[PDB]
Amino acid sequence: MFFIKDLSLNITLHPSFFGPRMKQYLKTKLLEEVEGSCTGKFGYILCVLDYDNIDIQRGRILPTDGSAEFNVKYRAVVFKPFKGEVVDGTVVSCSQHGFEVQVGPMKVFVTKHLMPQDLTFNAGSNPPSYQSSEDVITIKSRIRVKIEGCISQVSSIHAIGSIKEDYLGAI
Amino acid sequence: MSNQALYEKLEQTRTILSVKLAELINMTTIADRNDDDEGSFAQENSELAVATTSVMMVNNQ
Amino acid sequence: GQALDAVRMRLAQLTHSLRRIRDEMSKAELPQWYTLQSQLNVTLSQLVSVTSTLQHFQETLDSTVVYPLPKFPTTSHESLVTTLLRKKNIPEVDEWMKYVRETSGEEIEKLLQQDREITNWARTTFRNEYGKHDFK
Amino acid sequence: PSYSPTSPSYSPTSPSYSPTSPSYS
Amino acid sequence: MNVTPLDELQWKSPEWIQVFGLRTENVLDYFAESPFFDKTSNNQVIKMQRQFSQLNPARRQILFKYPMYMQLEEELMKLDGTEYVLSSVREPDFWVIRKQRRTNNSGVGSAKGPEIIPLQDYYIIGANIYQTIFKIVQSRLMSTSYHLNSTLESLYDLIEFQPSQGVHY
Amino acid sequence: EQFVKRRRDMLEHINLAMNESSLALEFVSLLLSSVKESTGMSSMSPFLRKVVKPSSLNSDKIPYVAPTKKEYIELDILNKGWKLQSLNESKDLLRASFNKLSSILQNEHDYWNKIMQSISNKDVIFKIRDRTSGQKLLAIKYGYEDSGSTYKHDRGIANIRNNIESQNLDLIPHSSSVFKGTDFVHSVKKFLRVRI
Amino acid sequence: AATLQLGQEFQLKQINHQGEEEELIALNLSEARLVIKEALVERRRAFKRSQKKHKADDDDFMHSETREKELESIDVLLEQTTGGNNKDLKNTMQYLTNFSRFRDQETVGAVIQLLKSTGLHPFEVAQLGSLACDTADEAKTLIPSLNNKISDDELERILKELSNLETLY
């Protein structure tokens, strides 16, 4: 879910970049390393605001290697869900065990035990989909999934959701 | 590239055809239709906004 | 009240769009043609939506009866009350449709049905013309 | 919230077009 | 034959206000000579009956304030139809009447009293009388659309096109 | 001056159009404020907030008028009348637009044919962006740079300009950007003379 | 966040770098897409200004005729501002563009005003801006926080108005 947060990072600048243009190198390093990353403490790093207003701190030369470490604070827009969240998304792949829904930059999987029995798997259809009396769900179909759990690793967060209750499926 | 130009000319032609049919039907039934049967769907509720929607159609086409 | 509330919000956004197009036309320098087209089309389709929604809920607006507040003082705000009370059209539009009707000027009914048959015939003719050539 | 309210666009200078005619008794 | 709508119709009676003045006592008397007062209403019938006899929230407040208003009910409950009754009054300049018609449905099975149904709106402001907002809104929108059409046709006249540049002014 | 006059005219016209439109919002904003104060507070203008505490618009009921043949048939036939009007002005505006488009369009085919039948051909031709104008113009490379010359001062590049007055084609060199006139030919015509 | 369990990291009250408490800010697909597009075009303009310092066209990007032209402009913007090293950003931007309920800034402002006029939670407001529900009960079930907090008539009115506000493509 999109939110604005205050973030900080420690960046090490190599001694070979020690010149009058160090601020430019720091800005390039920050933009090239932070944007698009994922942190389990704050979710995916989507965007950074006020690029011209980057805050900086005085260097502190490490005693072992000579690389100057800097502390940079900024404000960023990030995405992270919570337990019990309901989100609309796009069907990615269809399987017999369930389905996968892309929401934002993340994937939420639903197992066949997590939908009502009225939705039946049709493999002969192109592409294979889930068909019911009222709702049909397939590729590029907007589907609402109630996220139940999330697993966070260094570079990504996976999710598992359920649509077992009513008012779920095609919109 | 050239294929994109092909596609663009495709929506160009279909848009011409669709807007042509739209202006044709609008001007032909510009004479408002009153039919007692429920099947017909022609509504003229507010008198002058009808003319406003007409000039809307004109400017759009 | 729900219908008038929807009318209120939609007309408020229409007035906001009018204020927008106003303060981007008031500049001494005219912007690019394309931005003007985008603003024109958006505001004009919004006016269409205004007309359609006002059409939809005529019964709720008609059922409502206008009455001044007991707390509202008319002695001091009679000018403001009269400002909103008045509804007569601007004169130029009035003589506009007067000249329009002047120019336009059982017989009328049979011309009306003749117009019906011309309309239906033209619609069928253009359907046939469209079907004649493969456009896909 | 509300991005911006509407500017007051009152036109008191508008003369109005109320027809007056039934004054004679 | 061109008729001015009665909603915008405004009557002024300088002689009456000069002679009698504006008051809740004679506000109905002031309204009597207006065109809006229908001669077929039961109020006029009550007036001739009184003349022949002599010859021979704020609704409850105005209910309890005046005794002539009482006499208005005890002379109006007997006659059902189009009747003129006061709506509200704030002195010394504002009065509004309530235009309603009554159908005393005394049929078996209806525990409610006589049916009261609105017919029109009348506002007495000063010595002047005023009588749909839908029409106001549609009129304003259509005049706005006409002005917009004029402006846009003028602007399109100002537009000039060249193939090598596009459209400029 | 006519452009200024018409701009002022359209400004005042749109102002007149919006003045009446504002009053509709001023009236309609009262209902929600009466129903819910906090939501309604922002809707009205500050002056109208100062005028009165807003509870103005309250729901009320009035019956629908009994229908008959009298007014709908005339309403719809007169709507037919205004839409026949709109069709008439539609045809007139479309005719005027197409006449203007045809006249202009045949004008640019006239210039187009002049360009097509005025240009000859091997020659290194490209499009360049003018330093002063910034638009794309045709340029021809005529120097000896690729023929083995080491002369670095001039690149031998000439821009092609279609003469508006004479409807002809002229070449403007890159270096001589100081002489701006019709006397360029004689001003730039130099020669080598040997005297014994 | 069925029970509004946002945790410490996403508390409603946020402490900024200035040390003052602020309301937590939540943006739907339209608001986030508009903000990121504005930031990217501003960064591109700054880059062009810097390049001109060391040594018109930008109006066409923000105003897009169609979804496909908008996507092409988005691809050009990513090529000229991002470098093509961030695939997740491209996927997020494509997801925003394909399923953006509202394309115009004024309409998005209208949606924001309609949703936050009632003073609901920012999470609920952003969810309503992201999800289009036909009936109030559908939204209430799909948004358990909205249960017991908003009247069904108000939710139905909001949903119908939002559905009417959707710009036709």
# chains A, B, ... in the order shown; residues from 1 in each chain; ligands from 1

$ closest_atom_pairs --of "chain G" --to "chain C" --cutoff "10 Å" --atoms "only C-alpha atoms" --output "JSON lines"
{"residue": "G:56", "atom": "CA", "partner": "C:32", "partner_atom": "CA", "distance": 8.2}
{"residue": "G:59", "atom": "CA", "partner": "C:35", "partner_atom": "CA", "distance": 7.7}
{"residue": "G:60", "atom": "CA", "partner": "C:34", "partner_atom": "CA", "distance": 7.8}
{"residue": "G:62", "atom": "CA", "partner": "C:35", "partner_atom": "CA", "distance": 9.6}
{"residue": "G:63", "atom": "CA", "partner": "C:35", "partner_atom": "CA", "distance": 7.0}
{"residue": "G:64", "atom": "CA", "partner": "C:38", "partner_atom": "CA", "distance": 8.9}
{"residue": "G:65", "atom": "CA", "partner": "C:38", "partner_atom": "CA", "distance": 8.4}
{"residue": "G:104", "atom": "CA", "partner": "C:42", "partner_atom": "CA", "distance": 8.7}
{"residue": "G:106", "atom": "CA", "partner": "C:17", "partner_atom": "CA", "distance": 7.3}
{"residue": "G:107", "atom": "CA", "partner": "C:13", "partner_atom": "CA", "distance": 7.9}
{"residue": "G:109", "atom": "CA", "partner": "C:13", "partner_atom": "CA", "distance": 9.0}
{"residue": "G:110", "atom": "CA", "partner": "C:13", "partner_atom": "CA", "distance": 6.6}
{"residue": "G:113", "atom": "CA", "partner": "C:9", "partner_atom": "CA", "distance": 9.4}
{"residue": "G:114", "atom": "CA", "partner": "C:9", "partner_atom": "CA", "distance": 8.1}
{"residue": "G:153", "atom": "CA", "partner": "C:2", "partner_atom": "CA", "distance": 8.8}
{"residue": "G:154", "atom": "CA", "partner": "C:2", "partner_atom": "CA", "distance": 8.7}
{"residue": "G:156", "atom": "CA", "partner": "C:2", "partner_atom": "CA", "distance": 9.9}
{"residue": "G:157", "atom": "CA", "partner": "C:2", "partner_atom": "CA", "distance": 6.9}
{"residue": "G:158", "atom": "CA", "partner": "C:6", "partner_atom": "CA", "distance": 8.9}
{"residue": "G:160", "atom": "CA", "partner": "C:6", "partner_atom": "CA", "distance": 9.0}
{"residue": "G:161", "atom": "CA", "partner": "C:6", "partner_atom": "CA", "distance": 6.6}
{"residue": "G:164", "atom": "CA", "partner": "C:49", "partner_atom": "CA", "distance": 8.4}
{"residue": "G:165", "atom": "CA", "partner": "C:10", "partner_atom": "CA", "distance": 8.3}
{"residue": "G:167", "atom": "CA", "partner": "C:46", "partner_atom": "CA", "distance": 9.1}
{"residue": "G:168", "atom": "CA", "partner": "C:45", "partner_atom": "CA", "distance": 9.7}

$ write_last_selection --atoms "C-alpha atoms" --output "short mmCIF file (atom, residue, chain, number, x, y, z; two decimals), in the first residue's frame"
data_model
loop_
_atom_site.label_atom_id
_atom_site.label_comp_id
_atom_site.auth_asym_id
_atom_site.auth_seq_id
_atom_site.Cartn_x
_atom_site.Cartn_y
_atom_site.Cartn_z
CA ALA G 56 7.83 23.26 -25.24
CA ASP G 59 3.86 19.72 -22.67
CA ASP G 60 3.01 16.73 -24.89
CA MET G 62 1.66 15.02 -19.52
CA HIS G 63 -1.30 15.39 -21.92
CA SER G 64 -1.78 11.96 -23.50
CA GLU G 65 -4.39 11.23 -26.18
CA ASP G 104 -7.20 13.66 -15.24
CA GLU G 106 -9.14 17.45 -11.65
CA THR G 107 -11.18 14.23 -11.56
CA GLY G 109 -9.09 15.76 -6.95
CA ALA G 110 -12.86 15.33 -7.13
CA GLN G 113 -12.68 15.40 -2.04
CA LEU G 114 -15.62 12.99 -2.20
CA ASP G 153 -26.86 5.14 2.06
CA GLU G 154 -23.73 7.30 2.22
CA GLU G 156 -24.01 3.80 -1.95
CA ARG G 157 -24.08 7.50 -2.84
CA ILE G 158 -20.28 7.69 -2.82
CA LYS G 160 -22.51 5.70 -7.50
CA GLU G 161 -20.92 9.15 -7.73
CA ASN G 164 -20.29 8.33 -12.63
CA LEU G 165 -16.99 10.23 -12.29
CA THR G 167 -13.82 9.12 -17.48
CA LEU G 168 -14.80 7.05 -20.51
#

$ select_by_dssp --residues "segment 1-49 of chain C" --states "alpha helix (DSSP H)" --output "ChimeraX atom specification"
/C:2-25,33-49

$ residues_around --residues "segment 151-164 of chain F" --least-positions-apart "2" --cutoff "12 Å" --atoms "only C-alpha atoms" --output "MDAnalysis selection string"
chainID F and resid 111:112 114:116 118:119 123:131 136:149 166:177 182

$ closest_residue --among "D:17, D:9, D:1, D:23" --to "chain F" --atoms "only C-alpha atoms"
D:9

$ atom_distance --atom1 "atom CA of residue 4 of chain C" --atom2 "atom CA of residue 136 of chain E"
14.4 Å

$ residues_around --residues "residue 154 of chain E" --least-positions-apart "3" --cutoff "8 Å" --atoms "only C-alpha atoms" --output "list in words"
residues 150, 151, 157 and 158 of chain E; 6 and 10 of chain F

$ closest_atom_pairs --of "chain A" --to "chain G" --cutoff "6 Å" --atoms "only C-alpha atoms" --output "JSON lines"
{"residue": "A:2", "atom": "CA", "partner": "G:27", "partner_atom": "CA", "distance": 5.5}
{"residue": "A:3", "atom": "CA", "partner": "G:26", "partner_atom": "CA", "distance": 5.0}
{"residue": "A:4", "atom": "CA", "partner": "G:25", "partner_atom": "CA", "distance": 5.9}
{"residue": "A:36", "atom": "CA", "partner": "G:89", "partner_atom": "CA", "distance": 5.9}
{"residue": "A:82", "atom": "CA", "partner": "G:1", "partner_atom": "CA", "distance": 4.7}
{"residue": "A:83", "atom": "CA", "partner": "G:1", "partner_atom": "CA", "distance": 5.2}
{"residue": "A:84", "atom": "CA", "partner": "G:2", "partner_atom": "CA", "distance": 4.3}
{"residue": "A:85", "atom": "CA", "partner": "G:1", "partner_atom": "CA", "distance": 4.6}
{"residue": "A:104", "atom": "CA", "partner": "G:92", "partner_atom": "CA", "distance": 5.5}
{"residue": "A:105", "atom": "CA", "partner": "G:92", "partner_atom": "CA", "distance": 5.4}
{"residue": "A:167", "atom": "CA", "partner": "G:138", "partner_atom": "CA", "distance": 5.9}

$ residues_around --residues "residue 75 of chain F" --least-positions-apart "3" --cutoff "12 Å" --atoms "only C-alpha atoms" --output "list in words"
residues 32, 33, 34, 44, 45, 46, 47, 48 and 50 of chain B; 69, 70, 71, 72, 78, 79, 80, 81 and 82 of chain F

$ write_last_selection --atoms "N, CA and C atoms" --output "PDB file, in the first residue's frame"
ATOM      1  N   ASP B  32     -36.591  14.790 -32.860  1.00  0.00           N
ATOM      2  CA  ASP B  32     -36.764  13.962 -31.674  1.00  0.00           C
ATOM      3  C   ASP B  32     -37.913  12.980 -31.862  1.00  0.00           C
ATOM      4  N   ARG B  33     -37.757  11.788 -31.289  1.00  0.00           N
ATOM      5  CA  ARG B  33     -38.685  10.692 -31.520  1.00  0.00           C
ATOM      6  C   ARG B  33     -39.506  10.442 -30.265  1.00  0.00           C
ATOM      7  N   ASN B  34     -40.827  10.462 -30.419  1.00  0.00           N
ATOM      8  CA  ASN B  34     -41.755  10.138 -29.348  1.00  0.00           C
ATOM      9  C   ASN B  34     -42.530   8.877 -29.710  1.00  0.00           C
ATOM     10  N   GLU B  44     -35.998  13.474 -23.991  1.00  0.00           N
ATOM     11  CA  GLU B  44     -35.742  14.909 -24.071  1.00  0.00           C
ATOM     12  C   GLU B  44     -36.397  15.556 -22.849  1.00  0.00           C
ATOM     13  N   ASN B  45     -35.645  15.599 -21.748  1.00  0.00           N
ATOM     14  CA  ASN B  45     -36.223  15.991 -20.468  1.00  0.00           C
ATOM     15  C   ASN B  45     -36.115  17.495 -20.247  1.00  0.00           C
ATOM     16  N   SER B  46     -34.913  18.047 -20.396  1.00  0.00           N
ATOM     17  CA  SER B  46     -34.662  19.467 -20.198  1.00  0.00           C
ATOM     18  C   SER B  46     -34.501  20.130 -21.558  1.00  0.00           C
ATOM     19  N   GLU B  47     -35.281  21.191 -21.786  1.00  0.00           N
ATOM     20  CA  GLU B  47     -35.571  21.634 -23.147  1.00  0.00           C
ATOM     21  C   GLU B  47     -34.329  22.166 -23.855  1.00  0.00           C
ATOM     22  N   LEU B  48     -33.600  23.084 -23.219  1.00  0.00           N
ATOM     23  CA  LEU B  48     -32.510  23.769 -23.907  1.00  0.00           C
ATOM     24  C   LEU B  48     -31.215  22.965 -23.851  1.00  0.00           C
ATOM     25  N   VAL B  50     -31.079  20.041 -24.559  1.00  0.00           N
ATOM     26  CA  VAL B  50     -31.144  19.275 -25.800  1.00  0.00           C
ATOM     27  C   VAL B  50     -30.348  19.973 -26.898  1.00  0.00           C
TER      28      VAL B  50
ATOM     29  N   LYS F  69     -52.536  15.870 -23.324  1.00  0.00           N
ATOM     30  CA  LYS F  69     -51.995  16.118 -24.654  1.00  0.00           C
ATOM     31  C   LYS F  69     -51.405  17.519 -24.785  1.00  0.00           C
ATOM     32  N   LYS F  70     -51.801  18.449 -23.914  1.00  0.00           N
ATOM     33  CA  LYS F  70     -51.547  19.867 -24.154  1.00  0.00           C
ATOM     34  C   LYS F  70     -50.060  20.173 -24.328  1.00  0.00           C
ATOM     35  N   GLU F  71     -49.226  19.750 -23.378  1.00  0.00           N
ATOM     36  CA  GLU F  71     -47.884  20.320 -23.339  1.00  0.00           C
ATOM     37  C   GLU F  71     -46.796  19.396 -23.869  1.00  0.00           C
ATOM     38  N   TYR F  72     -46.883  18.071 -23.683  1.00  0.00           N
ATOM     39  CA  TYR F  72     -45.839  17.216 -24.253  1.00  0.00           C
ATOM     40  C   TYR F  72     -45.746  17.267 -25.770  1.00  0.00           C
ATOM     41  N   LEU F  78     -41.561  21.266 -30.665  1.00  0.00           N
ATOM     42  CA  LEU F  78     -40.669  22.414 -30.618  1.00  0.00           C
ATOM     43  C   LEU F  78     -39.222  21.991 -30.383  1.00  0.00           C
ATOM     44  N   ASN F  79     -38.999  20.900 -29.642  1.00  0.00           N
ATOM     45  CA  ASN F  79     -37.659  20.323 -29.557  1.00  0.00           C
ATOM     46  C   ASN F  79     -37.190  19.865 -30.929  1.00  0.00           C
ATOM     47  N   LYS F  80     -38.096  19.253 -31.695  1.00  0.00           N
ATOM     48  CA  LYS F  80     -37.838  18.987 -33.102  1.00  0.00           C
ATOM     49  C   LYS F  80     -37.422  20.267 -33.816  1.00  0.00           C
ATOM     50  N   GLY F  81     -38.085  21.380 -33.492  1.00  0.00           N
ATOM     51  CA  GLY F  81     -37.739  22.652 -34.108  1.00  0.00           C
ATOM     52  C   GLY F  81     -36.328  23.116 -33.777  1.00  0.00           C
ATOM     53  N   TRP F  82     -35.968  23.109 -32.486  1.00  0.00           N
ATOM     54  CA  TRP F  82     -34.609  23.534 -32.139  1.00  0.00           C
ATOM     55  C   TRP F  82     -33.562  22.578 -32.685  1.00  0.00           C
TER      56      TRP F  82
END

$ select_by_dssp --residues "chain E" --states "strand (DSSP E or B)" --output "PyMOL selection string"
chain E and resi 82-90+94-103+115-125+128-130+160-162+166-168

$ closest_atom_pairs --of "chain F" --to "chain B" --cutoff "9 Å" --atoms "only C-alpha atoms" --output "CSV"
residue,atom,partner,partner_atom,distance
F:73,CA,B:34,CA,8.8
F:75,CA,B:47,CA,7.9
F:76,CA,B:32,CA,6.8
F:77,CA,B:32,CA,7.8
F:79,CA,B:32,CA,6.8
F:80,CA,B:31,CA,4.7
F:81,CA,B:31,CA,7.7
F:82,CA,B:51,CA,6.5
F:83,CA,B:30,CA,5.6
F:84,CA,B:31,CA,6.6
F:85,CA,B:51,CA,8.8
F:86,CA,B:54,CA,6.4
F:87,CA,B:27,CA,6.3
F:89,CA,B:55,CA,8.8
F:90,CA,B:58,CA,5.9
F:93,CA,B:58,CA,8.7
F:94,CA,B:58,CA,8.6

$ interface_residues --of "chain D" --to "chain G" --cutoff "9 Å" --atoms "only C-alpha atoms" --output "ChimeraX atom specification"
/D:1-4

$ closest_atom_pairs --of "chain E" --to "chain C" --cutoff "10 Å" --atoms "only C-alpha atoms" --output "CSV"
residue,atom,partner,partner_atom,distance
E:5,CA,C:88,CA,9.9
E:7,CA,C:87,CA,9.5
E:8,CA,C:86,CA,7.6
E:57,CA,C:70,CA,9.2
E:58,CA,C:70,CA,8.2
E:87,CA,C:67,CA,10.0
E:88,CA,C:70,CA,8.5
E:89,CA,C:70,CA,9.0
E:90,CA,C:70,CA,8.1
E:91,CA,C:75,CA,9.3
E:92,CA,C:75,CA,8.8
E:93,CA,C:75,CA,7.0
E:94,CA,C:74,CA,7.1
E:96,CA,C:67,CA,9.1
E:118,CA,C:65,CA,9.0
E:120,CA,C:65,CA,8.8
E:121,CA,C:66,CA,7.7
E:122,CA,C:67,CA,9.6
E:123,CA,C:67,CA,8.9
E:125,CA,C:78,CA,8.1
E:126,CA,C:75,CA,9.1
E:130,CA,C:85,CA,8.7
E:131,CA,C:85,CA,9.5
E:132,CA,C:62,CA,7.2
E:133,CA,C:61,CA,7.7
E:134,CA,C:61,CA,6.6
E:135,CA,C:87,CA,7.7
E:136,CA,C:87,CA,5.1
E:137,CA,C:87,CA,8.6
E:138,CA,C:51,CA,8.3
E:139,CA,C:89,CA,6.4
E:140,CA,C:89,CA,7.6
E:141,CA,C:51,CA,8.5
E:142,CA,C:93,CA,9.2
E:143,CA,C:93,CA,7.0
E:145,CA,C:47,CA,8.7
E:146,CA,C:93,CA,8.0
E:147,CA,C:93,CA,9.6
E:148,CA,C:44,CA,9.4
E:152,CA,C:40,CA,8.9
E:159,CA,C:33,CA,8.9
E:166,CA,C:33,CA,9.3
E:167,CA,C:33,CA,6.9
E:168,CA,C:33,CA,7.2
E:169,CA,C:33,CA,8.9

$ write_last_selection --atoms "N, CA and C atoms" --output "short mmCIF file (atom, residue, chain, number, x, y, z; two decimals), in the first residue's frame"
data_model
loop_
_atom_site.label_atom_id
_atom_site.label_comp_id
_atom_site.auth_asym_id
_atom_site.auth_seq_id
_atom_site.Cartn_x
_atom_site.Cartn_y
_atom_site.Cartn_z
N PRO E 5 -44.75 34.31 -17.53
CA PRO E 5 -45.00 33.26 -16.54
C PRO E 5 -45.34 33.85 -15.18
N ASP E 7 -44.72 32.62 -12.32
CA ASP E 7 -43.67 32.43 -11.32
C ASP E 7 -42.84 33.69 -11.14
N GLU E 8 -42.53 34.38 -12.23
CA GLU E 8 -41.79 35.63 -12.19
C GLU E 8 -42.70 36.85 -12.07
N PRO E 57 -41.81 24.09 12.34
CA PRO E 57 -41.40 24.67 13.62
C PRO E 57 -42.22 25.90 14.00
N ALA E 58 -42.24 26.89 13.12
CA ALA E 58 -43.00 28.12 13.36
C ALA E 58 -44.49 27.97 13.06
N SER E 87 -48.00 30.75 5.81
CA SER E 87 -46.91 29.83 6.10
C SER E 87 -46.04 30.32 7.25
N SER E 88 -45.47 31.52 7.13
CA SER E 88 -44.66 32.07 8.21
C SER E 88 -44.56 33.58 8.04
N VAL E 89 -44.17 34.24 9.13
CA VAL E 89 -44.11 35.70 9.19
C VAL E 89 -42.94 36.10 10.07
N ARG E 90 -42.10 37.01 9.57
CA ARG E 90 -41.14 37.71 10.41
C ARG E 90 -41.26 39.20 10.11
N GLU E 91 -41.58 39.97 11.15
CA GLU E 91 -41.89 41.38 11.05
C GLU E 91 -40.62 42.21 10.88
N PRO E 92 -40.74 43.43 10.34
CA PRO E 92 -41.96 44.04 9.82
C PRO E 92 -42.04 44.04 8.30
N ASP E 93 -41.30 43.14 7.65
CA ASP E 93 -41.17 43.18 6.21
C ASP E 93 -41.36 41.84 5.50
N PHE E 94 -41.32 40.71 6.19
CA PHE E 94 -41.30 39.42 5.50
C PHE E 94 -42.52 38.59 5.89
N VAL E 96 -44.70 35.01 4.20
CA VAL E 96 -44.90 34.00 3.16
C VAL E 96 -46.13 33.18 3.50
N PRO E 118 -49.42 20.46 -1.33
CA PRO E 118 -48.93 21.75 -1.84
C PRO E 118 -49.28 21.96 -3.31
N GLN E 120 -48.30 25.58 -4.86
CA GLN E 120 -47.49 26.67 -5.39
C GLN E 120 -46.72 27.31 -4.24
N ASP E 121 -45.71 28.10 -4.61
CA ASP E 121 -44.90 28.85 -3.66
C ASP E 121 -45.11 30.34 -3.89
N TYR E 122 -45.41 31.07 -2.82
CA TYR E 122 -45.60 32.52 -2.89
C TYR E 122 -44.83 33.18 -1.76
N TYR E 123 -44.08 34.23 -2.10
CA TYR E 123 -43.24 34.94 -1.14
C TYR E 123 -43.57 36.42 -1.21
N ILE E 125 -42.28 39.81 -0.24
CA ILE E 125 -41.08 40.53 0.17
C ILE E 125 -41.36 42.01 0.00
N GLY E 126 -41.36 42.75 1.11
CA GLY E 126 -41.75 44.15 1.05
C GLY E 126 -43.18 44.27 0.55
N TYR E 130 -43.54 37.25 -5.17
CA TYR E 130 -42.79 36.36 -6.03
C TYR E 130 -43.40 34.97 -5.99
N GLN E 131 -43.33 34.27 -7.12
CA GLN E 131 -43.87 32.92 -7.22
C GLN E 131 -42.84 31.95 -7.77
N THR E 132 -39.42 27.08 -11.35
CA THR E 132 -38.70 25.91 -10.84
C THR E 132 -37.20 26.12 -10.92
N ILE E 133 -36.49 25.70 -9.86
CA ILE E 133 -35.04 25.81 -9.84
C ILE E 133 -34.42 24.99 -10.96
N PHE E 134 -35.08 23.90 -11.37
CA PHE E 134 -34.62 23.13 -12.52
C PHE E 134 -34.53 24.00 -13.76
N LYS E 135 -35.56 24.82 -14.00
CA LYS E 135 -35.53 25.75 -15.12
C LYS E 135 -34.40 26.76 -14.99
N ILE E 136 -34.15 27.26 -13.77
CA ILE E 136 -33.07 28.22 -13.56
C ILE E 136 -31.73 27.59 -13.94
N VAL E 137 -31.49 26.37 -13.45
CA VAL E 137 -30.22 25.70 -13.70
C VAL E 137 -30.04 25.43 -15.18
N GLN E 138 -31.08 24.92 -15.84
CA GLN E 138 -30.94 24.61 -17.26
C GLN E 138 -30.76 25.88 -18.09
N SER E 139 -31.43 26.97 -17.70
CA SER E 139 -31.26 28.24 -18.41
C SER E 139 -29.83 28.76 -18.27
N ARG E 140 -29.30 28.73 -17.05
CA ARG E 140 -27.93 29.19 -16.84
C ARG E 140 -26.95 28.33 -17.64
N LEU E 141 -27.12 27.01 -17.60
CA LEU E 141 -26.22 26.13 -18.34
C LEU E 141 -26.31 26.36 -19.84
N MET E 142 -27.51 26.57 -20.37
CA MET E 142 -27.64 26.75 -21.81
C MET E 142 -27.07 28.08 -22.27
N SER E 143 -27.26 29.15 -21.48
CA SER E 143 -26.63 30.42 -21.83
C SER E 143 -25.11 30.33 -21.74
N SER E 145 -23.42 27.61 -22.31
CA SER E 145 -23.03 26.85 -23.49
C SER E 145 -23.04 27.72 -24.74
N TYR E 146 -24.01 28.62 -24.87
CA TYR E 146 -24.05 29.52 -26.01
C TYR E 146 -22.82 30.43 -26.03
N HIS E 147 -22.48 31.01 -24.87
CA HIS E 147 -21.30 31.86 -24.80
C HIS E 147 -20.03 31.06 -25.11
N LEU E 148 -19.95 29.82 -24.60
CA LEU E 148 -18.80 28.98 -24.89
C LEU E 148 -18.70 28.67 -26.38
N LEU E 152 -15.55 29.64 -28.68
CA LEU E 152 -14.79 28.59 -29.36
C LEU E 152 -14.80 28.78 -30.87
N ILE E 159 -7.46 30.39 -35.23
CA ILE E 159 -6.50 29.32 -35.49
C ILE E 159 -6.03 29.35 -36.94
N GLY E 166 2.48 22.74 -37.89
CA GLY E 166 1.31 22.37 -37.13
C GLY E 166 0.32 23.51 -37.10
N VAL E 167 -0.38 23.69 -35.99
CA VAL E 167 -1.31 24.80 -35.81
C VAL E 167 -0.67 25.85 -34.92
N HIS E 168 -0.76 27.11 -35.35
CA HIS E 168 -0.30 28.26 -34.59
C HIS E 168 -1.35 29.36 -34.69
N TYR E 169 -1.01 30.51 -34.13
CA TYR E 169 -1.94 31.63 -34.01
C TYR E 169 -1.42 32.84 -34.78
#
